[PDB]
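First comes one chain, alone, set out as structure tokens in the form deposited in one PDB entry.
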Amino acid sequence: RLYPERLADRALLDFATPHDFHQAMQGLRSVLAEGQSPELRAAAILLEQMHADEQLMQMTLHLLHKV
């Protein structure tokens, strides 16, 4: 095949890959809770919605060898 487009998706997600969880999450929510911009107010609400998923998030990041 002329063009390796089958490897395009894998290359995009490698490109996006960057090179205690409970305490760090509570600290980040603490800081984002003071932001008044829409971006910080949106992320603070999101991190609060995913609060019941902290163990799942930490477990998955641990399996991905990141946290």
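Quick note: we count residues from 1 along the sequence shown, nothing fancier. Only residues modelled in both forms are compared. Each form is matched to the other, and the largest set of C-alpha atoms that superpose within 1.5 Å is called the rigid core.
- In this PDB entry, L13 carries a Cα temperature factor that places it within the lowest third of its chain's modelled residues.
- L61 sits in the lowest third of its chain by CA B factor, as recorded in the PDB entry.
- Among all modelled residues in its chain, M50 ranks in the highest third by Cα B-factor.
Another form, the form deposited in another entry, is not on view; read the next lines as being about it.
- In the core-superposed comparison between this form and the one not shown, the C-alpha atom of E48 has shifted by less than 2 angstroms.
- The Cα position of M59 differs by 2 Å or more between this form and the one not shown after fitting on the rigid core.
- Core-superposed difference between this form and the one not shown: one segment of three or more residues with every CA shifted 2 Å or more, namely 52 to 65.
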